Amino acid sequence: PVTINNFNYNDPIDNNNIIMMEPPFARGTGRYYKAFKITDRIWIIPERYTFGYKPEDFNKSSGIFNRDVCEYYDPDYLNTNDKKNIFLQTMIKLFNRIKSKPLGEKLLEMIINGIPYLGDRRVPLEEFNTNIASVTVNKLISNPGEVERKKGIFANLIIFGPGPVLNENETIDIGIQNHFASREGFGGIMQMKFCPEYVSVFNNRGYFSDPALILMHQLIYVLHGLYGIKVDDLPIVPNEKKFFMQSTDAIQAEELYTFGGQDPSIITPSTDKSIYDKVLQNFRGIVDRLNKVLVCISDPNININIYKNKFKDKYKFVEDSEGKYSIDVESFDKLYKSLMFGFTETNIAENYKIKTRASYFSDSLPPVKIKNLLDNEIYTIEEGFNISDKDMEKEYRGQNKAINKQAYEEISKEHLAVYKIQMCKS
């Protein structure tokens, strides 16, 4: 029971599934975006993610954002209403692909139902407070003739198009006064920059990724972020003291857990346990809050008991006969492992018979453009690129760059930024 809604970009605002939303990082300045509710609590805004970027960064320059990616730039991506509609329809199909097996359906169901706590660390234990940027976004109600009005909605996820680098998908949580609800047990609104057509390439014979798996990989981060278990512990960091050593970003355990397979072996058991204990400790803070919460100071129509009970179900707390909540360590343990170790790129790729990279540390090759994902000749909800009736199910032939030359285009090396080191003699 997950419903994927349909709509065209040019549909009228109906103030329900199609709205004018002011997203969190617009900082309440009256910048509203046309947003479409693809399912409960999950919104698509088919526009470029511009928050924190400069307008000129959207052009390829002599610079780069990320040292370990071949970055493709295209400032015109999503610049017409028809392009915005293609993105939206493509998202609809990707969500149906996800939904097409129970594992992906359950990912969507956990995300939908993992509503952020009505608060963060600054909120008194006795209070729900919806009046924070990690809980509520505003929508603009301004019907024909009648005056403009703002109302609030609870959301779980907002998916935008890409920032400057089309092929650099990212999931983002919200910090307020340097702390993050999504890392402290509360959860909070999650945002994603996503581009379905400009997918990554790897080898284990060079292959291209199924955008539905690329999307599911990001949704796992969303999932953690909503349950308040985004990891901030001891990261893997590169030694950078010698010229022959690779310089690269810190890697939190979560990235390796999320990929799955055998990469988490470099996360020590000691760190595995530090993270587990921190999460447990955060969830103990939540269960205490639920035992003490009396009022919602910001919204008088919030039924405390309905929310207590939804949060009980979210965190799998148990209720004694006199209504007190506690942590059953066995149900915590099952939830934790399901969230952190059940949903992984490796497990999902296996279940959907999708080919993916061998390791989180597999090399970044140039991405390729998928000609058309809405053409059921090339890509279907049920089978992705690996369609039996086109003779492409065998050995992920549909994803093979040699075999399925019709599915994709190469990108001109002129439009790709790539980091290089110049080792220079004297």
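So that there is no doubt, residue numbering starts at 1 and follows the sequence shown.
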Note to self: Our gap detector needs a label for residue 204 to residue 205. Which class matches the unmodelled residues of the deposited sequence there: none, 1 to 3, 4 to 9, or 10 or more?
What the structure shows: 10 or more
Check: So 71-79 or 340-348, which one's hotter by mean CA B-factor in the entry?
Finding: 71-79
Check: If you average the Cα B factors in the entry, which is higher, 330-338 or 184-192?
Finding: 330-338
Notebook entry, point to check: Which is it among 359, 400, 29, 50: the one with the largest CA B-factor in the entry?
Noted result: 400
Checklist line | Relative C-alpha B-factor of residue 256, binned into the chain's lowest, middle or highest third | finding: lowest
Margin query: Considering every modelled residue of the chain and its Cα B-factor in the PDB entry, is residue 396 in the lowest, middle or highest third?
Written below: highest
Check: In terms of the CA temperature factor given in the entry, to which third of its chain does residue 369 belong: lowest, middle or highest?
Finding: highest
Check: Split the chain's modelled residues into thirds by Cα B-factor; is residue 390 in the lowest, middle or highest one?
Finding: highest
Margin query: Please place residue 45 in the lowest, middle or highest third of its chain according to the CA B-factor in the PDB entry.
Written below: lowest
